[PDB]
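What follows is a single structure, written as structure tokens, with notes after it.
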Amino acid sequence: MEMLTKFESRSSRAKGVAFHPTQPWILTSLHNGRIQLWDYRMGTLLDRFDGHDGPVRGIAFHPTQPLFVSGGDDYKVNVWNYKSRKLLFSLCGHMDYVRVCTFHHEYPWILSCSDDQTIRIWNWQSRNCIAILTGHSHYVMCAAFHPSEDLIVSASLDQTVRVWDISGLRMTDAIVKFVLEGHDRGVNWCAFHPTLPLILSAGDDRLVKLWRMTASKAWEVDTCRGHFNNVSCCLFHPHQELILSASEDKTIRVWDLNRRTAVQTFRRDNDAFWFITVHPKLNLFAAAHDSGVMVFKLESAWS
């Protein structure tokens with residue numbers, strides 16, 4: 001395959017990117033603590049947001065509200081209104097770096113996870129922490145809401161990927177369902193497929209693992225092998241039978257979903273990759289690396 005680059009920012013190290021679901025925008029969260037709002041069709045910086053000290057790793061839009069959330073090495077989870085351009089409030093409680101923060105698509109919840117070994121669920125209407133999910137024994141590097149079930153998946157440097165049942169909180173509140181074992185070093189990332197009962201995880205063992213889950217059990221399907229440094233991030237292609245991963249080996253790698261064979265490697269000469277994401281609807285991807293962010297489409301070779 002080939003990468004058709006649509007937009008590139010040059011900046012200090014970028015840690016997170018989030019696509020707006022309807023506007024042609026991305027937020028970027030930087031190692032210097034600043035958050036940029038870019039229009040990738042015009043190539044214009046629309047706004048900058050400064051509300052953190054130190055790197056900002058978590059960044060996400062609400063799917064329908066004029067809000068985004070950011071999470072920092074200053075332990076803060078900040079909720080912003082991008083229409084009024086205000087920091088509405090800070091959610092305090094984590095006692096170490098926040099690694100990821102996201103909005104739920106239906107409930108008024110924010111999910112965050114932290115080096116303090118916990119996942120927190122907050123209600124952004126009440127501004128209260130409604131659940132602290134404990135059990136991991138090292139940094140929690142990633143957590144994600146399931147798209148249609150009352151589940152969370154999390155990834156930790158304790159070498160496990162945990163699936164948590166939060167049906168109780170929806171209606172004790174949260175119970176661990178699976179403690180997925182298989183990675184031989186810390187796990188940095190985990191993702192759900194948007195429509196299939198699959199999970200992807202990636203870690204310092206250089207492995208991307210594909211897992212399948214039913215209502216009552218789970219199993220490792222297969223492993224994508226080839227990265228030669230820590231894997232920072234992984235995701236499912238939403239509309240193609242493909243897996244994508246990004247790594248400190250300075251590559252983004254595309255893999256076949258059904259065989260886990262390598263399809264294509266894209267390299268940068270000097271930049272480690274820290275994060276990749278995909279637009280919910282469009283064939284549009286973004287990657288954050290040592291020198292900034294790129295927005296790109298993926299096309300078959302010789303198209």
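To be explicit about the labels: the chains of the structure tokens are called A, B, and onward in the order shown, and within each one the residues are counted from 1, while ligands get numbers from 1 in the order they are shown.
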So that I can check the secondary structure, give me every residue of stretch 105-258 of chain A assigned helix (DSSP H, G or I) by backbone DSSP, as a PDB file with N, CA and C atoms, in the first residue's frame.
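What ended up in selection15.pdb:
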ATOM      1  N   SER A 167     -21.440  -2.839  33.573  1.00  0.00           N
ATOM      2  CA  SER A 167     -22.897  -2.821  33.512  1.00  0.00           C
ATOM      3  C   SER A 167     -23.498  -2.351  34.829  1.00  0.00           C
ATOM      4  N   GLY A 168     -22.844  -2.664  35.950  1.00  0.00           N
ATOM      5  CA  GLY A 168     -23.337  -2.202  37.238  1.00  0.00           C
ATOM      6  C   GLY A 168     -23.379  -0.689  37.346  1.00  0.00           C
ATOM      7  N   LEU A 169     -22.276  -0.027  36.990  1.00  0.00           N
ATOM      8  CA  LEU A 169     -22.246   1.432  37.036  1.00  0.00           C
ATOM      9  C   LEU A 169     -23.297   2.030  36.114  1.00  0.00           C
ATOM     10  N   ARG A 170     -23.550   1.385  34.976  1.00  0.00           N
ATOM     11  CA  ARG A 170     -24.571   1.865  34.052  1.00  0.00           C
ATOM     12  C   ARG A 170     -25.927   1.932  34.741  1.00  0.00           C
TER      13      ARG A 170
END
Enumerate, in order of chain and increasing residue number, the residues of stretch 94-206 of chain A with an atom no farther than 8 Å from stretch 223-233 of chain A, each with its shortest atom pair and distance in Å to one decimal, counting only C-alpha atoms, as a tab-separated table.
residue	atom	partner	partner_atom	distance
A:188	CA	A:232	CA	5.9
A:189	CA	A:233	CA	5.3
A:190	CA	A:233	CA	7.6
A:202	CA	A:231	CA	5.7
A:203	CA	A:231	CA	5.1
A:204	CA	A:230	CA	4.3
A:205	CA	A:230	CA	6.5
A:206	CA	A:230	CA	5.0
Generate the output file for the selected residues, C-alpha atoms, as a CSV table (one decimal), in the first residue's frame.
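Done, and the output landed in again.csv:
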chain,number,residue,atom,x,y,z
A,188,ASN,CA,1.2,0.2,25.9
A,189,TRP,CA,-2.0,0.1,23.9
A,190,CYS,CA,-5.4,-1.6,23.5
A,202,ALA,CA,0.6,-3.7,21.7
A,203,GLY,CA,3.6,-3.4,23.9
A,204,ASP,CA,7.2,-3.2,24.8
A,205,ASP,CA,7.6,-6.9,23.7
A,206,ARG,CA,7.3,-5.5,20.1
- Residues within 9 Å of residue A:9, only C-alpha atoms, excluding chain neighbours under 6 positions, as a ChimeraX atom specification: /A:38,43,291-295
DSSP on the backbone: what in stretch 102-189 of chain A comes out strand (DSSP E), as a short mmCIF file (atom, residue, chain, number, x, y, z; two decimals) with N, CA and C atoms, in the first residue's frame?
data_model
loop_
_atom_site.label_atom_id
_atom_site.label_comp_id
_atom_site.auth_asym_id
_atom_site.auth_seq_id
_atom_site.Cartn_x
_atom_site.Cartn_y
_atom_site.Cartn_z
N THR A 102 -10.90 9.73 27.27
CA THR A 102 -11.88 9.70 26.20
C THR A 102 -13.27 9.98 26.77
N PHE A 103 -14.19 10.30 25.86
CA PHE A 103 -15.60 10.48 26.19
C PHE A 103 -16.36 9.22 25.81
N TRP A 109 -19.99 10.37 30.39
CA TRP A 109 -18.82 9.89 31.11
C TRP A 109 -17.53 10.24 30.39
N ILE A 110 -16.49 10.44 31.19
CA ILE A 110 -15.12 10.50 30.73
C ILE A 110 -14.38 9.33 31.34
N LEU A 111 -13.55 8.69 30.53
CA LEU A 111 -12.65 7.62 30.94
C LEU A 111 -11.24 8.18 30.93
N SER A 112 -10.48 7.91 32.00
CA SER A 112 -9.06 8.22 32.01
C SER A 112 -8.31 7.11 32.72
N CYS A 113 -7.03 6.99 32.40
CA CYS A 113 -6.17 6.02 33.06
C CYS A 113 -4.81 6.65 33.29
N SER A 114 -4.04 6.07 34.22
CA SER A 114 -2.91 6.79 34.78
C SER A 114 -1.80 5.85 35.22
N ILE A 119 -7.84 3.24 36.57
CA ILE A 119 -8.73 3.82 35.57
C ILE A 119 -9.83 4.54 36.33
N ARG A 120 -10.15 5.76 35.92
CA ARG A 120 -11.21 6.53 36.55
C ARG A 120 -12.31 6.79 35.52
N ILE A 121 -13.55 6.72 35.98
CA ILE A 121 -14.71 7.12 35.19
C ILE A 121 -15.31 8.34 35.87
N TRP A 122 -15.49 9.40 35.11
CA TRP A 122 -16.03 10.64 35.63
C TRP A 122 -17.34 10.93 34.91
N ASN A 123 -18.24 11.61 35.60
CA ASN A 123 -19.46 12.15 35.01
C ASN A 123 -19.19 13.62 34.70
N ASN A 128 -17.95 14.71 38.96
CA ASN A 128 -17.57 13.79 40.01
C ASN A 128 -16.93 12.55 39.41
N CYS A 129 -15.98 11.99 40.14
CA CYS A 129 -15.48 10.66 39.82
C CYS A 129 -16.51 9.65 40.29
N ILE A 130 -17.06 8.87 39.35
CA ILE A 130 -18.07 7.88 39.70
C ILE A 130 -17.52 6.47 39.86
N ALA A 131 -16.26 6.22 39.50
CA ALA A 131 -15.69 4.90 39.67
C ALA A 131 -14.17 4.96 39.56
N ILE A 132 -13.48 4.20 40.41
CA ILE A 132 -12.04 3.99 40.34
C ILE A 132 -11.82 2.50 40.13
N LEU A 133 -11.26 2.12 38.99
CA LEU A 133 -11.06 0.72 38.66
C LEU A 133 -9.63 0.35 39.04
N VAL A 140 -1.12 2.17 34.04
CA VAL A 140 -2.16 1.88 33.07
C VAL A 140 -1.92 2.81 31.89
N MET A 141 -1.50 2.24 30.76
CA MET A 141 -1.05 2.99 29.60
C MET A 141 -2.18 3.32 28.63
N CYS A 142 -3.31 2.63 28.72
CA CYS A 142 -4.41 2.83 27.79
C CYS A 142 -5.67 2.23 28.39
N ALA A 143 -6.81 2.82 28.03
CA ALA A 143 -8.12 2.30 28.36
C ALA A 143 -9.08 2.81 27.30
N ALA A 144 -10.12 2.02 27.02
CA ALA A 144 -11.09 2.37 26.00
C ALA A 144 -12.47 1.81 26.32
N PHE A 145 -13.50 2.62 26.08
CA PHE A 145 -14.87 2.13 26.11
C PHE A 145 -15.16 1.23 24.91
N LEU A 151 -18.47 -2.41 28.62
CA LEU A 151 -17.14 -2.96 28.84
C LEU A 151 -16.10 -1.87 28.67
N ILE A 152 -14.98 -2.02 29.37
CA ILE A 152 -13.76 -1.24 29.16
C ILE A 152 -12.63 -2.24 28.95
N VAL A 153 -11.68 -1.91 28.08
CA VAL A 153 -10.42 -2.64 27.98
C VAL A 153 -9.31 -1.70 28.42
N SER A 154 -8.31 -2.24 29.11
CA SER A 154 -7.18 -1.45 29.57
C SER A 154 -5.90 -2.24 29.34
N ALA A 155 -4.79 -1.51 29.22
CA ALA A 155 -3.48 -2.09 28.99
C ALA A 155 -2.51 -1.50 29.99
N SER A 156 -1.62 -2.33 30.52
CA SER A 156 -0.77 -1.94 31.63
C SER A 156 0.65 -2.48 31.46
N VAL A 161 -3.70 -7.19 29.80
CA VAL A 161 -4.80 -6.45 29.20
C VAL A 161 -6.07 -6.88 29.93
N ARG A 162 -6.79 -5.93 30.51
CA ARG A 162 -7.94 -6.26 31.33
C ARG A 162 -9.22 -5.80 30.65
N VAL A 163 -10.23 -6.66 30.65
CA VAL A 163 -11.58 -6.32 30.21
C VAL A 163 -12.44 -6.23 31.46
N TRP A 164 -13.10 -5.09 31.63
CA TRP A 164 -13.87 -4.79 32.83
C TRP A 164 -15.35 -4.70 32.47
N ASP A 165 -16.19 -5.26 33.33
CA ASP A 165 -17.64 -5.19 33.18
C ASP A 165 -18.16 -4.01 33.99
N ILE A 175 -16.44 -4.67 37.62
CA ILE A 175 -15.79 -5.92 37.97
C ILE A 175 -14.90 -6.34 36.81
N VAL A 176 -13.70 -6.83 37.11
CA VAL A 176 -12.85 -7.33 36.04
C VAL A 176 -13.44 -8.63 35.51
N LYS A 177 -13.56 -8.73 34.19
CA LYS A 177 -14.08 -9.91 33.53
C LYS A 177 -12.97 -10.82 33.02
N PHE A 178 -12.00 -10.27 32.30
CA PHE A 178 -10.86 -11.02 31.80
C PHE A 178 -9.57 -10.31 32.22
N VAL A 179 -8.59 -11.09 32.66
CA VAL A 179 -7.22 -10.63 32.78
C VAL A 179 -6.44 -11.40 31.72
N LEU A 180 -6.25 -10.77 30.56
CA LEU A 180 -5.67 -11.40 29.39
C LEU A 180 -4.15 -11.44 29.54
N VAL A 187 2.41 -3.60 28.39
CA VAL A 187 1.48 -3.32 27.31
C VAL A 187 1.20 -1.83 27.29
N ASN A 188 1.33 -1.22 26.11
CA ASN A 188 1.18 0.22 25.93
C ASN A 188 -0.17 0.64 25.39
N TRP A 189 -0.85 -0.25 24.66
CA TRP A 189 -2.05 0.15 23.93
C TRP A 189 -3.03 -1.01 23.82
#
- Spatial neighbours of residue A:285, 6 Å, only C-alpha atoms, chain gap at least 4 places, as a list in words: residues 277, 278, 295 and 296 of chain A
Expected file contents, prior selection, C-alpha atoms, as a PDB file, in the first residue's frame:
ATOM      1  CA  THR A 277      -5.815   7.151  15.061  1.00  0.00           C
ATOM      2  CA  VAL A 278      -8.499   6.858  12.415  1.00  0.00           C
ATOM      3  CA  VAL A 295      -2.881  13.079   8.289  1.00  0.00           C
ATOM      4  CA  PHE A 296      -3.049  10.526   5.509  1.00  0.00           C
TER       5      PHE A 296
END
- Looking at only C-alpha atoms, which of A:276, A:301, A:286, A:60 is the one that sits closest to residue A:263?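 The shortest atom-to-atom distance to residue A:263 comes from A:301.
Distances to residue A:289 were evaluated for A:245, A:11, A:2, A:75 using only C-alpha atoms, and the minimum falls at A:11.
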- Item | Shell of 9 Å around residue A:82, only C-alpha atoms, local chain residues under 5 positions omitted, as a PyMOL selection string | chain A and resi 47+66-68+87
- Would you work out the distance separating atom CA of residue A:35 from atom CA of residue A:56, expressed in Å to one decimal? 7.7 Å
- Item | Close residues, residue A:139 itself excluded, 6 Å, only C-alpha atoms, min 6 positions apart in chain, as a list in words | residues 115, 117, 156 and 157 of chain A
Since we have the selection now, will you write its residues out, keeping N, CA, C and O atoms, as a PDB file, in the first residue's frame?
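Wrote it out as part-v4.pdb, contents follow:
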ATOM      1  N   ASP A 115      -0.584   6.403  35.276  1.00  0.00           N
ATOM      2  CA  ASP A 115       0.553   5.722  35.883  1.00  0.00           C
ATOM      3  C   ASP A 115       0.314   5.378  37.347  1.00  0.00           C
ATOM      4  O   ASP A 115       1.059   4.565  37.906  1.00  0.00           O
ATOM      5  N   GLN A 117      -1.875   3.559  38.416  1.00  0.00           N
ATOM      6  CA  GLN A 117      -2.366   2.181  38.351  1.00  0.00           C
ATOM      7  C   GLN A 117      -3.881   2.069  38.357  1.00  0.00           C
ATOM      8  O   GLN A 117      -4.394   0.941  38.498  1.00  0.00           O
ATOM      9  N   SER A 156      -1.615  -2.335  30.519  1.00  0.00           N
ATOM     10  CA  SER A 156      -0.766  -1.937  31.630  1.00  0.00           C
ATOM     11  C   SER A 156       0.646  -2.476  31.461  1.00  0.00           C
ATOM     12  O   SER A 156       0.873  -3.526  30.853  1.00  0.00           O
ATOM     13  N   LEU A 157       1.595  -1.742  32.039  1.00  0.00           N
ATOM     14  CA  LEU A 157       2.970  -2.206  32.133  1.00  0.00           C
ATOM     15  C   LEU A 157       3.123  -3.404  33.058  1.00  0.00           C
ATOM     16  O   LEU A 157       4.223  -3.966  33.138  1.00  0.00           O
TER      17      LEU A 157
END
- Message: Restricting the calculation to only C-alpha atoms: of A:201, A:186, A:215, A:288, which residue gets closest to residue A:10?
- Response: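 So, comparing all the options, the nearest one is A:288.
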- Message: Could you tell me how far atom CA of residue A:26 sits from atom CA of residue A:48, in Å to one decimal place?
- Response: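 So the answer is 11.8 Å.
Residue neighbourhood of residue A:272, excluding near-sequence residues (fewer than 6 positions): residues 246, 247, 248, 249, 250, 251, 288, 289, 290 and 291 of chain A, at 9 Å, using only C-alpha atoms.
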